[PDB]
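**Student:** What follows is the file protein_27.cif, containing mmCIF, C-alpha atoms and all ligand atoms:
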data_start
loop_
_atom_site.label_atom_id
_atom_site.label_comp_id
_atom_site.auth_asym_id
_atom_site.auth_seq_id
_atom_site.Cartn_x
_atom_site.Cartn_y
_atom_site.Cartn_z
CA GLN D 1 0.00 0.00 0.00
CA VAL D 2 1.09 3.57 -0.78
CA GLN D 3 -0.08 6.83 0.81
CA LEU D 4 0.21 10.22 -0.89
CA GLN D 5 -0.40 13.70 0.52
CA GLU D 6 -0.34 17.16 -1.04
CA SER D 7 0.28 20.71 0.12
CA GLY D 8 0.07 24.18 -1.38
CA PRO D 9 -0.24 27.85 -0.41
CA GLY D 10 -3.51 28.48 -2.26
CA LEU D 11 -3.26 32.28 -2.57
CA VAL D 12 -0.51 33.62 -4.85
CA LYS D 13 -0.21 37.02 -6.51
CA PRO D 14 0.00 36.91 -10.33
CA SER D 15 3.34 36.92 -12.15
CA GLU D 16 5.17 35.06 -9.38
CA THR D 17 6.12 31.46 -8.58
CA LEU D 18 3.49 28.84 -7.70
CA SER D 19 4.97 25.88 -5.80
CA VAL D 20 3.05 22.74 -4.81
CA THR D 21 4.51 19.86 -2.78
CA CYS D 22 3.57 16.17 -2.86
CA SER D 23 4.83 13.74 -0.21
CA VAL D 24 4.71 9.94 -0.10
CA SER D 25 4.52 7.62 2.91
CA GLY D 26 4.54 3.84 3.11
CA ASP D 27 6.90 3.16 0.21
CA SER D 28 10.19 4.58 -1.04
CA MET D 29 11.18 5.90 -4.49
CA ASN D 30 12.46 2.51 -5.68
CA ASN D 31 10.27 1.85 -8.73
CA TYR D 32 7.53 4.50 -8.54
CA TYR D 33 7.21 7.10 -11.28
CA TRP D 34 5.63 10.48 -10.61
CA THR D 35 3.46 12.84 -12.63
CA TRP D 36 1.37 15.98 -12.24
CA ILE D 37 -1.97 16.85 -13.84
CA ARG D 38 -4.03 20.04 -13.68
CA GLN D 39 -7.73 20.54 -14.38
CA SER D 40 -9.32 23.94 -14.98
CA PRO D 41 -13.05 24.64 -14.65
CA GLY D 42 -14.71 24.63 -18.06
CA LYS D 43 -12.01 22.51 -19.73
CA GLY D 44 -10.92 18.88 -19.61
CA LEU D 45 -7.96 17.27 -17.93
CA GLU D 46 -4.48 18.41 -18.94
CA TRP D 47 -1.32 16.35 -18.53
CA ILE D 48 1.53 18.76 -17.78
CA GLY D 49 4.52 16.53 -17.04
CA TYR D 50 6.07 13.53 -15.35
CA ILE D 51 9.38 12.71 -13.66
CA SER D 52 11.19 9.59 -12.49
CA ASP D 53 14.61 8.49 -11.19
CA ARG D 54 16.25 9.60 -14.48
CA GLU D 55 16.05 13.39 -13.90
CA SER D 56 14.56 13.70 -17.40
CA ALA D 57 12.05 16.53 -16.97
CA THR D 58 9.98 16.10 -20.14
CA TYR D 59 7.22 18.71 -20.42
CA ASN D 60 4.15 19.27 -22.56
CA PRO D 61 5.04 21.12 -25.80
CA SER D 62 1.83 23.18 -25.42
CA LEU D 63 3.04 24.61 -22.09
CA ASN D 64 6.09 26.71 -23.16
CA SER D 65 8.12 24.82 -20.50
CA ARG D 66 7.54 27.36 -17.72
CA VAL D 67 7.36 24.78 -14.89
CA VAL D 68 10.10 22.79 -13.15
CA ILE D 69 9.57 19.60 -11.15
CA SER D 70 12.04 18.31 -8.56
CA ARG D 71 12.11 15.38 -6.15
CA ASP D 72 14.34 15.11 -3.08
CA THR D 73 14.75 11.66 -1.52
CA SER D 74 16.08 13.11 1.76
CA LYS D 75 12.70 14.61 2.69
CA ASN D 76 10.99 11.91 0.57
CA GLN D 77 8.78 14.18 -1.54
CA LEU D 78 8.57 16.03 -4.84
CA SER D 79 7.44 19.53 -5.76
CA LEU D 80 6.55 21.51 -8.88
CA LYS D 81 7.10 25.24 -9.36
CA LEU D 82 5.46 27.19 -12.19
CA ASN D 83 7.02 30.58 -12.94
CA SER D 84 5.19 33.64 -14.29
CA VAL D 85 1.71 32.49 -13.33
CA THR D 86 -1.36 33.89 -15.10
CA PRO D 87 -4.61 34.82 -13.30
CA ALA D 88 -6.45 32.65 -15.85
CA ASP D 89 -4.56 29.54 -14.65
CA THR D 90 -6.82 28.75 -11.67
CA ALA D 91 -7.02 24.96 -11.65
CA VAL D 92 -6.99 21.96 -9.33
CA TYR D 93 -3.71 20.04 -9.29
CA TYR D 94 -3.19 16.30 -8.75
CA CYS D 95 0.01 14.40 -7.93
CA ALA D 96 -0.10 10.81 -9.18
CA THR D 97 2.16 7.86 -9.91
CA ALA D 98 2.70 6.25 -13.30
CA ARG D 99 3.35 2.68 -14.45
CA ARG D 100 5.17 2.10 -17.73
CA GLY D 101 4.48 -0.74 -20.14
CA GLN D 102 5.58 -1.71 -23.63
CA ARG D 103 3.38 -2.82 -26.53
CA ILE D 104 5.10 -5.06 -29.09
CA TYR D 105 3.67 -5.68 -32.55
CA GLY D 106 6.60 -6.92 -34.66
CA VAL D 107 10.24 -7.93 -34.45
CA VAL D 108 11.88 -6.60 -31.29
CA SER D 109 15.45 -6.46 -32.64
CA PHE D 110 14.27 -3.97 -35.28
CA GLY D 111 12.56 -1.76 -32.70
CA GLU D 112 8.91 -2.36 -33.61
CA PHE D 113 7.34 -1.53 -30.25
CA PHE D 114 6.23 1.49 -28.27
CA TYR D 115 5.94 2.51 -24.63
CA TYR D 116 2.85 3.75 -22.81
CA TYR D 117 2.03 5.00 -19.32
CA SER D 118 -0.93 4.29 -17.03
CA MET D 119 -1.77 6.09 -13.78
CA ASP D 120 -3.05 3.63 -11.17
CA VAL D 121 -2.98 5.62 -7.91
CA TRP D 122 -4.27 9.20 -7.70
CA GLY D 123 -4.63 11.91 -5.07
CA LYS D 124 -7.06 14.51 -3.81
CA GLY D 125 -5.10 17.43 -5.28
CA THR D 126 -4.99 21.08 -4.20
CA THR D 127 -7.24 23.90 -5.43
CA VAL D 128 -5.22 27.11 -5.74
CA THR D 129 -6.40 30.57 -6.78
CA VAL D 130 -4.47 33.54 -8.16
CA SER D 131 -5.79 37.10 -8.05
CA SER D 132 -4.58 40.67 -7.66
CA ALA D 133 -6.72 41.35 -4.57
CA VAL Y 1 -18.67 17.08 -24.27
CA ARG Y 2 -21.27 14.82 -25.88
CA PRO Y 3 -24.19 13.78 -23.66
CA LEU Y 4 -25.59 10.26 -23.61
CA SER Y 5 -28.59 9.02 -21.62
CA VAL Y 6 -29.06 5.53 -20.16
CA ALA Y 7 -32.01 4.05 -18.28
CA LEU Y 8 -31.85 1.79 -15.24
CA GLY Y 9 -31.10 -1.89 -15.73
CA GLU Y 10 -29.97 -1.37 -19.33
CA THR Y 11 -26.50 -1.93 -20.80
CA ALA Y 12 -24.49 1.18 -21.65
CA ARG Y 13 -21.96 1.48 -24.48
CA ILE Y 14 -19.48 4.39 -24.65
CA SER Y 15 -17.14 4.98 -27.59
CA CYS Y 16 -14.44 7.64 -27.93
CA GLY Y 17 -14.23 9.71 -31.08
CA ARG Y 18 -10.55 9.18 -31.89
CA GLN Y 19 -9.94 6.23 -34.22
CA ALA Y 20 -6.70 4.27 -34.13
CA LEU Y 21 -4.42 3.48 -37.08
CA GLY Y 22 -2.62 0.25 -36.21
CA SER Y 23 -2.12 -1.52 -32.90
CA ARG Y 24 -4.08 0.22 -30.15
CA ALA Y 25 -3.73 0.25 -26.36
CA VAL Y 26 -6.39 2.43 -24.76
CA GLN Y 27 -7.12 3.40 -21.16
CA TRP Y 28 -10.59 4.08 -19.77
CA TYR Y 29 -10.75 6.64 -16.96
CA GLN Y 30 -13.83 7.33 -14.82
CA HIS Y 31 -13.87 10.76 -13.15
CA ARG Y 32 -16.61 11.71 -10.68
CA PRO Y 33 -17.14 15.44 -10.06
CA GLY Y 34 -15.05 16.32 -7.01
CA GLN Y 35 -13.25 12.98 -6.64
CA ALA Y 36 -10.03 11.64 -8.13
CA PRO Y 37 -10.30 9.64 -11.38
CA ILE Y 38 -10.56 5.86 -11.13
CA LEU Y 39 -8.78 3.63 -13.63
CA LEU Y 40 -11.09 0.96 -15.07
CA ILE Y 41 -9.21 -0.66 -17.98
CA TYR Y 42 -5.55 -0.05 -18.78
CA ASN Y 43 -4.50 -2.55 -21.49
CA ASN Y 44 -7.87 -2.53 -23.39
CA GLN Y 45 -8.18 -6.22 -22.53
CA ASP Y 46 -8.26 -6.42 -18.70
CA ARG Y 47 -9.44 -4.44 -15.63
CA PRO Y 48 -6.46 -2.97 -13.67
CA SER Y 49 -7.80 -3.33 -10.13
CA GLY Y 50 -10.52 -5.42 -8.56
CA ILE Y 51 -13.90 -3.90 -9.45
CA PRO Y 52 -17.35 -5.40 -10.08
CA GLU Y 53 -17.28 -7.48 -13.25
CA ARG Y 54 -19.51 -5.12 -15.19
CA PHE Y 55 -17.11 -3.03 -17.33
CA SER Y 56 -15.67 -4.81 -20.37
CA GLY Y 57 -13.59 -3.66 -23.32
CA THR Y 58 -12.91 -5.10 -26.75
CA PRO Y 59 -9.60 -6.92 -27.36
CA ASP Y 60 -7.13 -6.00 -30.09
CA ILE Y 61 -7.61 -8.88 -32.54
CA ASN Y 62 -8.11 -8.65 -36.32
CA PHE Y 63 -7.42 -4.92 -36.66
CA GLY Y 64 -10.35 -2.97 -38.05
CA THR Y 65 -12.69 -2.84 -35.05
CA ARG Y 66 -13.61 0.18 -32.96
CA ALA Y 67 -12.97 0.76 -29.26
CA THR Y 68 -16.06 0.55 -27.04
CA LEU Y 69 -16.59 0.22 -23.30
CA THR Y 70 -19.70 -1.67 -22.19
CA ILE Y 71 -21.31 -1.54 -18.74
CA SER Y 72 -23.90 -4.20 -17.88
CA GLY Y 73 -26.34 -3.61 -15.04
CA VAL Y 74 -25.91 0.14 -14.62
CA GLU Y 75 -26.94 1.68 -11.30
CA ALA Y 76 -27.45 5.27 -10.15
CA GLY Y 77 -23.83 5.49 -8.97
CA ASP Y 78 -22.49 5.25 -12.53
CA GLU Y 79 -22.69 9.01 -13.12
CA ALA Y 80 -19.25 10.33 -14.05
CA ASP Y 81 -17.16 11.46 -17.01
CA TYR Y 82 -15.39 8.89 -19.17
CA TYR Y 83 -12.01 9.52 -20.80
CA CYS Y 84 -10.66 7.32 -23.62
CA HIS Y 85 -6.87 7.71 -23.65
CA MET Y 86 -5.80 6.41 -27.07
CA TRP Y 87 -2.34 5.05 -27.91
CA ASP Y 88 -1.52 3.80 -31.40
CA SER Y 89 1.62 3.04 -33.40
CA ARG Y 90 1.44 5.66 -36.18
CA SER Y 91 0.95 8.78 -34.04
CA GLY Y 92 3.84 8.91 -31.57
CA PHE Y 93 3.32 10.22 -28.06
CA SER Y 94 -0.25 11.16 -27.13
CA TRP Y 95 -0.63 14.12 -24.77
CA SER Y 96 -4.34 14.97 -24.95
CA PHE Y 97 -6.86 12.95 -22.96
CA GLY Y 98 -9.49 13.36 -25.69
CA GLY Y 99 -13.02 14.71 -25.56
CA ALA Y 100 -14.96 13.39 -22.59
CA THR Y 101 -18.59 12.25 -22.63
CA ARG Y 102 -21.34 13.04 -20.12
CA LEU Y 103 -23.44 10.08 -18.99
CA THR Y 104 -26.93 10.91 -17.74
CA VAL Y 105 -29.29 8.57 -15.90
CA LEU Y 106 -33.01 8.11 -16.54
CA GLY Y 107 -34.74 7.69 -13.18
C1 LIG Q 201 10.97 -14.45 -38.10
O1 LIG Q 201 11.43 -14.67 -36.77
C2 LIG Q 201 11.06 -13.63 -35.86
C3 LIG Q 201 11.70 -13.96 -34.53
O2 LIG Q 201 11.66 -15.35 -34.27
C4 LIG Q 201 9.54 -13.53 -35.77
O3 LIG Q 201 9.18 -12.45 -34.92
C5 LIG Q 201 8.30 -12.71 -33.90
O4 LIG Q 201 7.26 -12.19 -34.71
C6 LIG Q 201 5.99 -12.13 -34.05
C7 LIG Q 201 4.99 -11.65 -35.08
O5 LIG Q 201 4.12 -10.67 -34.53
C8 LIG Q 201 6.08 -11.23 -32.83
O6 LIG Q 201 4.83 -11.27 -32.13
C9 LIG Q 201 4.15 -10.48 -31.24
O7 LIG Q 201 4.63 -10.98 -30.01
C10 LIG Q 201 4.13 -10.29 -28.87
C11 LIG Q 201 4.85 -10.81 -27.64
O8 LIG Q 201 4.14 -10.39 -26.49
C12 LIG Q 201 4.23 -10.29 -25.12
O9 LIG Q 201 3.97 -9.66 -23.88
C13 LIG Q 201 2.89 -10.24 -23.12
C14 LIG Q 201 2.70 -9.40 -21.87
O10 LIG Q 201 3.79 -9.66 -20.99
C15 LIG Q 201 3.24 -11.70 -22.81
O11 LIG Q 201 2.17 -12.29 -22.08
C16 LIG Q 201 3.45 -12.47 -24.13
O12 LIG Q 201 3.78 -13.82 -23.85
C17 LIG Q 201 3.19 -14.59 -24.81
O13 LIG Q 201 2.84 -15.43 -25.89
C18 LIG Q 201 3.94 -16.07 -26.56
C19 LIG Q 201 3.36 -16.87 -27.72
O14 LIG Q 201 2.82 -15.95 -28.66
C20 LIG Q 201 4.70 -16.94 -25.55
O15 LIG Q 201 5.80 -17.56 -26.20
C21 LIG Q 201 5.21 -16.05 -24.41
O16 LIG Q 201 5.94 -16.83 -23.47
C22 LIG Q 201 4.05 -15.30 -23.75
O17 LIG Q 201 3.30 -16.30 -23.05
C23 LIG Q 201 4.52 -11.79 -24.99
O18 LIG Q 201 5.76 -12.03 -24.32
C24 LIG Q 201 2.61 -10.51 -28.82
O19 LIG Q 201 2.07 -9.84 -27.70
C25 LIG Q 201 1.98 -9.98 -30.11
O20 LIG Q 201 0.57 -10.20 -30.09
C26 LIG Q 201 0.07 -9.24 -30.94
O21 LIG Q 201 -0.70 -9.04 -32.09
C27 LIG Q 201 -1.89 -9.84 -32.19
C28 LIG Q 201 -2.54 -9.53 -33.52
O22 LIG Q 201 -1.81 -10.20 -34.53
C29 LIG Q 201 -2.79 -9.50 -31.00
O23 LIG Q 201 -3.96 -10.30 -31.06
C30 LIG Q 201 -2.04 -9.79 -29.70
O24 LIG Q 201 -2.86 -9.49 -28.58
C31 LIG Q 201 -3.74 -8.77 -27.80
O25 LIG Q 201 -3.30 -9.60 -26.76
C32 LIG Q 201 -2.09 -9.17 -26.09
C33 LIG Q 201 -1.74 -10.23 -25.07
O26 LIG Q 201 -0.68 -9.73 -24.26
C34 LIG Q 201 -2.34 -7.80 -25.47
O27 LIG Q 201 -1.16 -7.36 -24.82
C35 LIG Q 201 -2.74 -6.81 -26.57
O28 LIG Q 201 -2.97 -5.53 -26.00
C36 LIG Q 201 -3.95 -7.31 -27.35
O29 LIG Q 201 -5.06 -7.20 -26.46
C37 LIG Q 201 -0.72 -9.01 -29.65
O30 LIG Q 201 -1.09 -7.64 -29.51
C38 LIG Q 201 2.62 -10.59 -31.35
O31 LIG Q 201 2.23 -11.95 -31.38
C39 LIG Q 201 7.20 -11.69 -31.91
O32 LIG Q 201 7.37 -10.75 -30.85
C40 LIG Q 201 8.50 -11.82 -32.68
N1 LIG Q 201 9.56 -12.34 -31.82
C41 LIG Q 201 10.65 -11.64 -31.51
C42 LIG Q 201 11.63 -12.32 -30.61
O33 LIG Q 201 10.84 -10.50 -31.93
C43 LIG Q 201 8.95 -13.33 -37.16
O34 LIG Q 201 7.53 -13.37 -37.10
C44 LIG Q 201 9.45 -14.40 -38.11
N2 LIG Q 201 8.94 -14.17 -39.46
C45 LIG Q 201 8.39 -15.12 -40.21
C46 LIG Q 201 8.30 -16.49 -39.59
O35 LIG Q 201 7.98 -14.90 -41.35
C1 LIG Q 202 -5.36 -5.82 -45.74
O1 LIG Q 202 -6.27 -4.72 -45.86
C2 LIG Q 202 -7.53 -5.07 -46.45
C3 LIG Q 202 -8.32 -3.80 -46.59
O2 LIG Q 202 -9.34 -3.71 -45.60
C4 LIG Q 202 -8.23 -6.12 -45.59
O3 LIG Q 202 -9.44 -6.51 -46.22
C5 LIG Q 202 -10.77 -6.59 -46.56
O4 LIG Q 202 -11.33 -7.69 -45.84
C6 LIG Q 202 -12.28 -7.31 -44.83
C7 LIG Q 202 -12.68 -8.58 -44.11
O5 LIG Q 202 -13.75 -9.24 -44.78
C8 LIG Q 202 -13.45 -6.59 -45.48
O6 LIG Q 202 -14.35 -6.15 -44.46
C9 LIG Q 202 -12.96 -5.40 -46.29
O7 LIG Q 202 -14.05 -4.82 -47.00
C10 LIG Q 202 -11.89 -5.84 -47.28
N1 LIG Q 202 -11.37 -4.70 -48.01
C11 LIG Q 202 -11.90 -4.25 -49.15
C12 LIG Q 202 -11.23 -3.06 -49.76
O8 LIG Q 202 -12.88 -4.78 -49.66
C13 LIG Q 202 -7.33 -7.33 -45.40
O9 LIG Q 202 -7.93 -8.25 -44.49
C14 LIG Q 202 -5.97 -6.90 -44.85
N2 LIG Q 202 -5.08 -8.04 -44.73
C15 LIG Q 202 -4.95 -8.74 -43.60
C16 LIG Q 202 -3.99 -9.89 -43.65
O10 LIG Q 202 -5.58 -8.47 -42.58
#
Could you render the structure from this file as structure tokens?

**Tutor:**
Amino acid sequence: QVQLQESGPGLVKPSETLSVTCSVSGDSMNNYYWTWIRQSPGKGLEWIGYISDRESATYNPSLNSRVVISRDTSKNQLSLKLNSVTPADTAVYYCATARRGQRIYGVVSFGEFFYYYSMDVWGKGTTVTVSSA
Amino acid sequence: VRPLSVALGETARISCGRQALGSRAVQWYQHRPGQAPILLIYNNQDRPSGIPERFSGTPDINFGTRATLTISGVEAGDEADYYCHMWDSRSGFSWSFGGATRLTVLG
């Protein structure tokens, strides 16, 4: 069993840094991927990025790469920081874990396969608001 | 967001709009308003976690068939949004979750 908790300020002035922390208890960072996902009212879900033990911060190309995700094993948690926030970015954030699989359809020595990811465990997520007042 | 209505006791069938070109591996996500999404089917052939044996998907055999999720014996609690995450071989990495559908209950 794995337990995941989240934390965030909630009230940030526009055009600053928005940092949200996600901690894990019960298991270590042995073979557990991590990912973040935001959801804004009026629109569907939006996958923003994922990270693992490879320090390969791959981001969504439709996001301008204005967010950085880090994970420190000493405190046993990760955190994402989005710079230059926009007041129209009010959305609920979720920290989840990812499981990677491979689908094979031909000869493996030629490279006829492709990887995919599936999120099995989710979280409650934080609802943050940004405004000038 | 396309709406679709289902009556009690009937069998519901939900299909996502995106059509695959080659080998497919879809994921069906159920998201209730206010709660975290629940994974139902991950490899388009089997349910990921233990759930009531009511949700079934179509396997990937004899390419040319669509992707549909069927729910037999629907109750009032089956009121949530359904996401069809599509993964094929001739499109690369898929970032968008696709257009979700809105299931409504009669009664
Ligand atoms: C030459 O030579 C070569 C070499 O030898 C060959 O190649 C071959 O080829 C083939 C063709 O295609 C191929 O295939 C493929 O395969 C695969 C594999 O897989 C996998 O994974 C899984 C998971 O884990 C497992 O389970 C399996 O396993 C199996 O089975 C087998 C038998 O078959 C056995 O042996 C083993 O042990 C086991 O048990 C594996 O591992 C597969 O998968 C595929 O399949 C496909 O497609 C089809 C259509 O056609 C379909 O139907 C199927 O399905 C389905 O189901 C599945 C199950 O899993 C799932 O997943 C999915 O999603 C669906 O649902 C599939 O998809 C195929 O079969 C191979 O790979 C190869 N090999 C190598 C090494 O590379 C060739 O062919 C030759 N040529 C001539 C002869 O001409
Ligand atoms: C190669 O592609 C063709 C094109 O679809 C496949 O064939 C056809 O067979 C189907 C099965 O009865 C029919 O529903 C299609 O109408 C028919 N295509 C046409 C243009 O009439 C064929 O099965 C494929 N080959 C393999 C090995 O799957």

**Student:** Neighbours of ligand LIG 202 (chain Q) within 9 Å, counting only C-alpha atoms and all ligand atoms, as a PyMOL selection string?

**Tutor:** chain Y and resi 62-64

**Student:** Using all atoms listed in the file, find each residue in chain D having at least one atom no more than 8 Å away from ligand LIG 201 (chain Q); report its shortest atom-to-atom pair and that distance in Å (one decimal), rows by chain then rising number, as a tab-separated table.

**Tutor:**
residue	atom	partner	partner_atom	distance
D:103	CA	Q:LIG201	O27	6.6
D:104	CA	Q:LIG201	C10	5.3
D:105	CA	Q:LIG201	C9	5.0
D:106	CA	Q:LIG201	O5	4.5
D:107	CA	Q:LIG201	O33	3.6
D:108	CA	Q:LIG201	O33	4.1
D:109	CA	Q:LIG201	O33	6.2

**Student:** Return the neighbours of chain Y among the residues of chain D, cut-off 12 Å, counting all atoms listed in the file, as a PyMOL selection string.

**Tutor:** chain D and resi 37-39+41-50+58-63+92-96+98-106+111-127

**Student:** For a test of reading the model, state the distance in Å between CA of residue 23 (chain D) and CA of residue 64 (chain D), rounded to one decimal.

**Tutor:**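 That distance, rounded to one decimal, is 26.4 Å.
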
**Student:** Have a look at CA of residue 12 (chain Y) and CA of residue 73 (chain Y) and let me know their distance in Å, one decimal.

**Tutor:** 8.4 Å

**Student:** Please work out which residues fall within 6 Å of (-13.6, 7.1, -16.3), coordinates as given in the file, with all atoms listed in the file counting, and return them as a ChimeraX atom specification.

**Tutor:** /Y:28-31,81-83

**Student:** Could you write out that same residue set with C-alpha atoms as an mmCIF file, in the coordinates of the input?

**Tutor:**
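Saved result, selection38.cif, follows:
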data_model
loop_
_atom_site.group_PDB
_atom_site.id
_atom_site.type_symbol
_atom_site.label_atom_id
_atom_site.label_comp_id
_atom_site.auth_asym_id
_atom_site.auth_seq_id
_atom_site.Cartn_x
_atom_site.Cartn_y
_atom_site.Cartn_z
ATOM 1 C CA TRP Y 28 -10.590 4.080 -19.770
ATOM 2 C CA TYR Y 29 -10.750 6.640 -16.960
ATOM 3 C CA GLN Y 30 -13.830 7.330 -14.820
ATOM 4 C CA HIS Y 31 -13.870 10.760 -13.150
ATOM 5 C CA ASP Y 81 -17.160 11.460 -17.010
ATOM 6 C CA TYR Y 82 -15.390 8.890 -19.170
ATOM 7 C CA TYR Y 83 -12.010 9.520 -20.800
#

**Student:** So how far away is CA of residue 79 (chain D) from CA of residue 3 (chain D), in Å?

**Tutor:**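 If I compute the distance from CA of residue 3 (chain D) to CA of residue 79 (chain D), I get 16.2 Å.
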
**Student:** Select, from D:28, D:35, D:90, D:1, the residue with the minimum atom-to-atom distance to residue 14 (chain D), counting all atoms listed in the file.

**Tutor:** D:90

**Student:** Taking every listed atom of region 25-29 of chain Y and adding 6 Å to each side, what centre and edge lengths in Å (one decimal) does the axis-aligned box have, as JSON?

**Tutor:**
{"center_x": -7.2, "center_y": 3.4, "center_z": -21.7, "size_x": 19.0, "size_y": 18.4, "size_z": 21.4}

**Student:** Compile the contact shell of region 54-57 of chain Y as a PyMOL selection string: residues with an atom at most 9 Å away, counting only C-alpha atoms, same-chain residues fewer than 5 positions apart removed.

**Tutor:** chain Y and resi 40-41+44-47+67-74
